[PDB]
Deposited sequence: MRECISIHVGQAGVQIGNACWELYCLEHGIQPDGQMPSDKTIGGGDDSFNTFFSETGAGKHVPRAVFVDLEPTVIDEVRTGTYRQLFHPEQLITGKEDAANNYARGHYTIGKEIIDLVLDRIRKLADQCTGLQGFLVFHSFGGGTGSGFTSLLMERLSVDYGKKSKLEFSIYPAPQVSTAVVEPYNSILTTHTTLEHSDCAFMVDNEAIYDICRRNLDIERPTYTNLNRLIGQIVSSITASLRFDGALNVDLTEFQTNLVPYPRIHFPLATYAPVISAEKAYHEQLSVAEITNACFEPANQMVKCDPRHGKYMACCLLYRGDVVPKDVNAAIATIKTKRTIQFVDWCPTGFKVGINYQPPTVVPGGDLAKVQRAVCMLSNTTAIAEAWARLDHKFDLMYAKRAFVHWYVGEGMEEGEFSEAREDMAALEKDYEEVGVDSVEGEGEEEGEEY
């Protein structure tokens, strides 16, 4: 029961899925062969007659490489070969290929496997889609799949984990085009989307893990902790609390306003020494430091519509409430006049678990703060401007158009973004 299917599109989506699913095994004492020595984890891993615990996951990519590294990787046995789908030719960092030209050739084979995982669901909660904003696969294929699942599964819950493009973390010239087209196409088919600014994950790995030039593994591992912390309330069942979908009600006031900002804490280097440990009040205040934000934005300069705290480890209501109080005095946490100022809290038993030979240290207690601030709209504006610069001179546009796209599909997509921007202005009005 309460089943959840994870779909991983493109290079970013797949690589993250690996960081996620690895941690998940560790989180649940599971071994990489599928076997294991609270039945709430079954929401993410299906079980077989042989006793193997196979993830409720689909790995898709228009080119073979990334997926082949898993088909040969240390977890070749953790999944079903059928559930790791690949094309031959990729999307060449072009949405129009990912969406149309190249995706058209895989979509039905992809959807067919989701249907077979859907069958093994006594009562499916919905889908978790991991993708990049800038890849041709991450943008195009994801939007095609989202559209398609909204026919196939109708209004069934669709969640996102989208990697926001940053200059420092690879990136390509056309990425703004890819990210704007994908936001527009998915906007309806999405019920909730968690943005992940690569710069922020770069900044955190630099400033806290002390890594001068962080790897994809380094970022993805940090990301997996945050993602697992968000999904903890679904693989575990504790009396303490643990309760997503509820957060999601407070987090989403209106349908288009479905982008929470994660503010994960504490990020500690695996060579910190004396370190041990941090109080609930340290970790709670940490959530209000912009240095811990999943997306680089300014919510000290933006009004609030929600605030959720997701504790895990060795947390007790006394200090949580005592902490919440210390914060609730300070005037930088300005909520709107149309919604309450309470902070929805959730608490887990299972503390954050660490990866064998990791970059992070093992914390007794961790928190993730999901909030609905008008400051997330900056990430939009940031991206929109970059788009605006090139589109003005129609730079690179021809590669899209050559794949069957229209200039209008860019106007429409941009107008929708300006509406999403206007909508975040309108919402912060008192």
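Counting from 1 along the deposited sequence, which stretches lack C-alpha positions?
Missing CA coords at 38 to 45, 439 to 451.
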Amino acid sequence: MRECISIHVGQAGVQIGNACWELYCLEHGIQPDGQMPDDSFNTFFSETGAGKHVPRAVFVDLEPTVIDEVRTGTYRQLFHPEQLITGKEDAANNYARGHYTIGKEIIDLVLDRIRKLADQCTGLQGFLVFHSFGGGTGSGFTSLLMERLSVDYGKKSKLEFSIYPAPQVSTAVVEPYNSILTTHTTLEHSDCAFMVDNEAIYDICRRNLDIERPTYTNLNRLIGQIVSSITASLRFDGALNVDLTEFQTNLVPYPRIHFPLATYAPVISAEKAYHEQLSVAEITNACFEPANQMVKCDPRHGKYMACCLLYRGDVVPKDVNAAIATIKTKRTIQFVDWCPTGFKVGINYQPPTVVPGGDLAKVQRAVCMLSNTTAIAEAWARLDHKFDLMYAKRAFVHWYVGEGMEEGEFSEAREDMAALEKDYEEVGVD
From here on, numbers count along this sequence of modelled residues.
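Mean CA B-factor: is it higher for 109 to 117 or for 276 to 284?
It is 276 to 284.
Could you settle it for me: does 135 to 143 or 75 to 83 have the higher average Cα B factor in the PDB entry?
Per the PDB record, 75 to 83.
Looking at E403, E63, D39, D384, which has the highest Cα B-factor in the entry?
Of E403, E63, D39, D384, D39 has the highest C-alpha B-factor.
Of the options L389, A50, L370, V397, which has the highest CA B factor as deposited?
Among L389, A50, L370, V397, the highest C-alpha B-factor in the entry belongs to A50.
Among all modelled residues of this chain, ranked by Cα B factor, put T341 in the bottom, middle or top third, i.e. lowest, middle or highest.
Middle third of the chain for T341's C-alpha B-factor.
Among modelled residues of the same chain, the CA temperature factor third for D152
Middle third.
Splitting the chain's C-alpha B-factors into thirds, which one does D243 fall into?
It falls in the top third of the chain.
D197 - which third its CA temperature factor falls in, relative to the rest of the chain
Bottom third by C-alpha B-factor.
Lowest, middle or highest third - CA B-factor, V354:
Highest third of the chain for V354's C-alpha B-factor.
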